[PDB]
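Two separate entries follow, structure 1 and structure 2, each one form of the same protein chain as structure tokens.
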Structure 1
């Protein structure tokens, strides 16, 4: 495992504390053995998500201080519009308060747009993999969310350069079975979050866009971690070996018609989202009409002016290769520490998290008894580290192909010594993994259990 030094220094700190073993046992019981219900005061190192927990720079805080809070015509709305033209060559923007607000703006408009002339009678969305909120919006609008990630993403320990790729054969098969008139949109998720923050190749993005364009299908780029995808392209595609990150990004977005973005990831923000449209002015107008009642007026979209200002600066800082190299290298360091100790992970590591394969880490625990959650609760009790489950506990009442515990790493927040604490904590549980029991419900809500369900050890 190789430690990479920070291309920055610390300007402001925030205290953290390790609760005592008895505090965490009380806290985990009070939360019903669901870390989602733990207060942050009971957590030492928080690896629940990489969303909205990033450390901003002094230039970002400076930009917030001079932010224009105007309800209409904010100086920062035009700066953001100019930034999206520079980065993506897209001509229209609609800010949103975060990524699922951006999805709420655009997806219903795409369905309405497709439903013209009696099309989309059995409408579907096709992605390499829909994120949970993305699939929820697909399903809320009466559509089905189809995921066709490459089969290589389900072979955890088998290296592949592009585990986020579309399965091109499945894409064509789905276009032939459902019909282009039923495909509301293709959603390219970069990186593919649910497959392990795994990158999609430039040539895979290109072939998907070519296929969609010959069938007249609209392509939306889910762009939460697009800078981490661009870095992987430059690292692993020889055609982009000497390209800048911004040149990679500029090429990526030739292969979509629009983007939905959670700026709470790669743009290094604590809040914020964006809709950007390449040139379809009609879809832009319809999305603006939905933005008004759902998010806010069209030049702030549910965001304070200061946060649009922070987004403009963070959009730049997130494309800096020296930072991406350290950021992604830190994820790779925690992953190497675990692999060296025989802990199975999604290999290679993705851009934002280490996905520990708990299906083989605790085989004695069946899927319905939530093996990855049992490992997560044990990691929390032993260490105060909070991780998130991506398996059977997520999206149930059901069986899952993968059972990952996601160690999600906020950007510029934790040091490699924090990584060592995380790795050593999981390594010290190797003898307890065999004797580990499963989990059964105490209270189960009808929907969205993983967020607010209560469990108990069997």
Structure 2
């Protein structure tokens, strides 16, 4: 395992503490064995998400201080519009308060646009993988969320350069089965969070856009982690070995028509989202009409002006190759430390997190009893580290069936916030999980005490099966 040095130094700190063992068992029982319902004071190292937990730079905080809080026509809206034209070559922007606000603006608009000519009678969205809020909005509007990631992603131990690729054969077959008139949009998620933060090659993005253009289908790039995807393209595609990250990004977005971005990820923010549209003014105008009731006025979209200002600076900082090398290198370090102790992970590691394969760690727990969540409650009670489940729990139920959606992967996600923790924090995380090696076969399983009908893993209360 190779440690990489920060291409920065620390300017401001916040204290963390280790709760006692007795505090963690009391708090986890009060939280219904769902770590989402734990207070942050009961958590030591928080690995629940990399969304909104990143450490900003001094330049970002300065941008916030001079941010323009005007209600209409803020100076930072025009800055954000210029930055999107620079990075993606897109001509239209609509800020949003975060990623699921961006999707709530754009996806209902695309569905109504597809219905203008009586089409979308049985509407579907096709993605390499819809993450949980993305699929939830697809389903909220009466559509089906179809995931066609390459089957290589389901083989954890088997290395592959692009475990986030669309299955091209499945794309053409889904287009054939449903019909181009039923596919409201194709959503390319970069990186593929559900596959393990695994990247999509430039050729896969290029071929998906060509097949979608052949059939007149709209393509949306889910751009939460597009810089980490761009970094992997430069690292693994020989064509881009000598290109800059901004050149990789600029070629990526030639293969989409619009983007929904959670700026709480690669732009290194605590809050923020973005819609951008390449050149379709009619879809832009319709998306603006929905932004107003749902998010806010079209030049702030539910964000304070200081946050747009921080987004303009974060969009720049998130593309710096030397930061990307350290960030993804750090995730790789935690992964190599866990692999060297024989703990199975999605190999190679992605950009933002290490995903532990809990199918292999605890095969006595059937997927419907959430094996990964068993390892999570175990890791927390042992160490004070809080992680999240990316498996049957998060996947929830089929809105049409009512039964469990089939899980091909049962991951425990060690999500790493950007510029927040050091490799010494990583050593605590790795050593903590490694210490449970003689206790995995003892882990039990979980059953619902209260289950929400949508996005159940966020607030469901669980009961141990013992």
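Rigid core: the largest C-alpha set superposing within 1.5 Å between the two forms. Residue numbers count along the first chain shown, from 1.
After superposition on the rigid core, the Cα of residue 448 moves by 2 Å or more between structures 1 and 2. For residue 6, the CA shift between structures 1 and 2 after superposing the rigid core equals 0.2 Å. With the core fitted, the CA of residue 439 sits 2.0 Å away from its counterpart between structures 1 and 2. On the core-superposed pair, the CA position of residue 392 changes by 2.0 Å between structures 1 and 2.
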